[PDB]
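A.B. asks: got a sequence here, can you model it:
(5 chains)
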Amino acid sequence: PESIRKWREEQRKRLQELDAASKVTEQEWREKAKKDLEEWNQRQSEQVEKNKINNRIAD
Amino acid sequence: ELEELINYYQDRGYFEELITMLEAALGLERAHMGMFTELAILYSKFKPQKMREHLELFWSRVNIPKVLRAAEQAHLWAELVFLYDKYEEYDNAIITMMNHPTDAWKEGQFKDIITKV
Amino acid sequence: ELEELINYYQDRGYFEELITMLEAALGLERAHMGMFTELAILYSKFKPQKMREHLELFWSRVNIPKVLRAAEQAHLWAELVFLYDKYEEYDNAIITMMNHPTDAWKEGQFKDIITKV
Amino acid sequence: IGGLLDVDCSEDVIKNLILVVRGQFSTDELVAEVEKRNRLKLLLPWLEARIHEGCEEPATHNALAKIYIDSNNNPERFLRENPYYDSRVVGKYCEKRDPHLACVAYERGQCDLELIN
Amino acid sequence: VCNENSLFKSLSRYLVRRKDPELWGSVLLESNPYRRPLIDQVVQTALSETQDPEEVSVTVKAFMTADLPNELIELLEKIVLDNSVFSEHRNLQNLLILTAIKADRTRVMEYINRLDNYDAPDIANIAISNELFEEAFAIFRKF
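C.D. replies: Numbering: from 1, shown residues only, chains lettered A, B, ... in the order given. Pasting the structure now:
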């Protein structure tokens, strides 16, 4: 009797949540990956300028 | 006809009857893949959690296309990737991890299976 | 002639040195299985928590007794079962999974794997 | 040509000379040379030429098989279609290399005692 | 029967055993739905035999007469050049040269540094037809 509607709506709304769950997860992954670079490059630049001011005395 | 009994059920909303009649349909020793195909199909329809394990057993037997179709109907990508693997459908696994990583993402497995593109 | 080199290493205490040499050996090109075997060996004596994860790979590149003895020195029982899965030696897997169920037993596989002996 | 065996000369020079007139001439000796050299590459195209001319010298077929072993492969049909080498030697070479190749060789070679051993 | 669904590697093996360029063209009907699909696996599988170049040659002859444009023939050039067992350059390099002529992409430049053992006059003619106006003379002195 086209009674599919019950489980149909069920699975529909299930996916309609799963999408947003996946999206907040990908967003948090995105930002934490940004944080990784942000903690990396600071130390990179620190050591670069350190050795730079140490070694400019030649050329 | 077995599919036509399926229809003979869903016409009346006998989705529960579909369930029940599959409950002992597993008692077979002379049939072929299409039965299991439908099995996972009606899983996806109502009990999609169960086709995973069994699928991970009979997989060696069933066709490609109907499997692809029903797997899509599942929209369960964390599984669809494993399925592509079973059919070594690399490209599909790739695009799916692209669009559905946080469900289907597996890191080193992907980084090694990538070499077939 | 590099196995004797390993011996040289560990006798000379070059344990970290020989594992680094392993890391070197990780990416060879024209290598038979014995490479991967001794790889697993050193994992056993140094990197078990790495061993099995690596062993997930070269199942098709194995000698039976060497890896058997190494594994049992580790006797990483679930890993022993995985070995048996690849070698189809059900008996001893059952032996262990019985005498070592808690660590090493799963119901799903057990449900059918028994039927082979 | 004795001195060529003796020399370990520059690289292109062989490919250049191979077309020369004969002297004291064999093959099952220069094979020993390159085995000391581990440099199969030398005659591969020249070997192609010689064999597709139709020389049924097993050592040539054997040289073919050796470079093939080297080529990370399985010439199951190639060794199979070739009742012109000696199955015995082509099997006994790869003892440490591959059970499968030597075993199917004994299959076509009927090396029953060797199958055993 | 296979066309529906099958282990199409098997059909490619029949191909590499059916020395029937006309049958290849039957596969090359340009209209079958699985055609792009089928070729997708036939390429990834042709590498399987790597023991004789006969069916290779007949397949590339079919390619010629089937005039399969870029993204149809040279793709096999690409797949086979990957540590080519038939490491000649005739019917490969020259045949890569013609494909490059038909392609005229950046790939054609690194072609040179990728392969070896070619001749000058062809590429000189193409390069003077291409961007290289005096690199012709520079290669006369160079390569």
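A.B. asks: which residues touch the residue in chain E that chain B sits nearest to?
C.D. replies: Chain E approaches chain B most closely through residue E:5 (4.9 Å), counting by C-beta to the nearest C-beta. From N, CA and C alone the C-beta is placed, and that goes for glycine too. Residue E:5 makes contacts with B:63-65, as judged by C-beta atoms under 8 Å, 6 or more residues apart in numbering or on different chains.
A.B. asks: next one: residue E:15
C.D. replies: Contact analysis of residue E:15 by C-beta under 8 Å, 6+ apart lists E:23-24, E:27, E:42, E:55, E:59.
A.B. asks: from the residues you listed, which ones fall inside helices?
C.D. replies: Those of the contacts of residue E:15 mapping onto helices are E:23-24, E:27, E:42, E:55, E:59, per DSSP state H.
A.B. asks: ChimeraX command to pick out the buried ones of those residues?
C.D. replies: A single ChimeraX command is used to select the members of the ones in helices among the contacts of residue E:15 judged buried by 16 or more other C-beta atoms under 10 Å in any protein chain shown:
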select /E:24,27,42,55,59
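A.B. asks: in which helix or strand would I find residue 25?
C.D. replies: If you meant another chain, say so; for now it's chain A. Assigned by DSSP states H and E, residue A:25 falls within helix A:5-55.
A.B. asks: what residue in chain A comes nearest to chain E?
C.D. replies: Of all residues in chain A, the one sitting closest to chain E is residue A:11 (27.7 Å; C-beta to the nearest C-beta).
A.B. asks: tally up the residues packed near the residue of chain B found nearest chain A, please.
C.D. replies: Using C-beta to the nearest C-beta, the single residue of chain B nearest to chain A is residue B:13, 3.4 Å away. Applying other C-beta atoms under 10 Å in any protein chain shown, we find 15 other residues in the vicinity of residue B:13.
A.B. asks: SS state for the spatially closest residue to it that is not a sequence neighbour?
C.D. replies: Among residues not flanking residue B:13 along the chain, residue A:3 sits closest, at 3.4 Å (C-beta to C-beta, 6 or more residues apart in numbering or on different chains). When classified by DSSP: H, G, I helix; E, B strand; the rest coil, residue A:3 comes out as coil.
A.B. asks: neighbours of residue A:3, just the number please.
C.D. replies: Neighbour count for residue A:3, taken as other C-beta under 10 Å: 13.
A.B. asks: then residue B:25?
C.D. replies: 16.
A.B. asks: identify the residues contacting residue E:2.
C.D. replies: Applying C-beta under 8 Å, 6+ apart, we find residue E:2 in contact with E:8, E:10-11.
A.B. asks: let's see that with 6 Å instead.
C.D. replies: Applying C-beta atoms under 6 Å, 6 or more residues apart in numbering or on different chains, we find residue E:2 in contact with residue E:11.
A.B. asks: which residue is the nearest non-sequential neighbour of the residue most central in space within chain D?
C.D. replies: In chain D, the centroid-proximal residue (C-alpha atoms, centre = their mean) is residue D:63; its distance is 0.6 Å. Nearest non-adjacent residue to residue D:63, counting by C-beta to C-beta, 6+ apart: residue D:31, 5.7 Å away.
A.B. asks: and the gap between residue D:114 and residue D:79?
C.D. replies: With the distance defined as C-beta to C-beta, to the nearest Å, residue D:114 ends up 15 Å from residue D:79.
A.B. asks: higher neighbour count, those two?
C.D. replies: Neighbour comparison, residue D:114 and residue D:79: the larger count goes to residue D:79, with 23 against 16 (by other C-beta under 10 Å).
A.B. asks: the residue nearest in space to the middle of chain B and residue B:36, how far apart?
C.D. replies: In chain B, the centroid-proximal residue (C-alpha atoms, centre = their mean) is residue B:71; its distance is 4.7 Å. Distance from residue B:71 to residue B:36, counting by C-beta to C-beta: 13 Å.
A.B. asks: what of residue D:107?
C.D. replies: From residue D:107 across to residue B:36, the span is 37 Å (C-beta to C-beta).
A.B. asks: distance from the chain centre to stretch E:10-21, please.
C.D. replies: The chain centroid and the centroid of stretch E:10-21 are separated by 18 Å, computed with C-alpha atoms, centre = their mean, to the nearest Å.
A.B. asks: my bad, stretch B:44-58
C.D. replies: Relative to the centre of its chain, stretch B:44-58 is centred 6 Å away, using C-alpha atoms, centre = their mean.
A.B. asks: quick one: the strands in chain E?
C.D. replies: Counting by DSSP state E, chain E has no strands to list.
A.B. asks: what residue in it comes nearest to chain A?
C.D. replies: Closest contact between chain E and chain A, by C-beta to the nearest C-beta, is at residue E:5 (27.7 Å).
A.B. asks: now that residue. Nearest residue, chain neighbours left out?
C.D. replies: residue B:64 (4.9 Å).
A.B. asks: for that neighbour, grab phi and psi.
C.D. replies: Dihedral pair for residue B:64: phi -80, psi -50, per degrees, to the nearest 10.
A.B. asks: count the residues that sit near it.
C.D. replies: Using other C-beta under 10 Å, residue B:64 has 13 neighbouring residues.
A.B. asks: got the residues of chain A near chain C?
C.D. replies: Not one residue of chain A sits near chain C, judged by C-beta under 6 Å from any C-beta of the partner chain.
A.B. asks: what residue is smack in the middle of chain A?
C.D. replies: For chain A, the residue nearest the mean C-alpha position is residue A:30 (1.2 Å; C-alpha atoms, centre = their mean).
A.B. asks: what sits against it?
C.D. replies: With contact set as C-beta under 6 Å, 6+ apart, residue A:30 has no partners.
A.B. asks: ok, it to chain B distance?
C.D. replies: Using C-beta to the nearest C-beta, to the nearest Å, residue A:30 is found at 11 Å from chain B.
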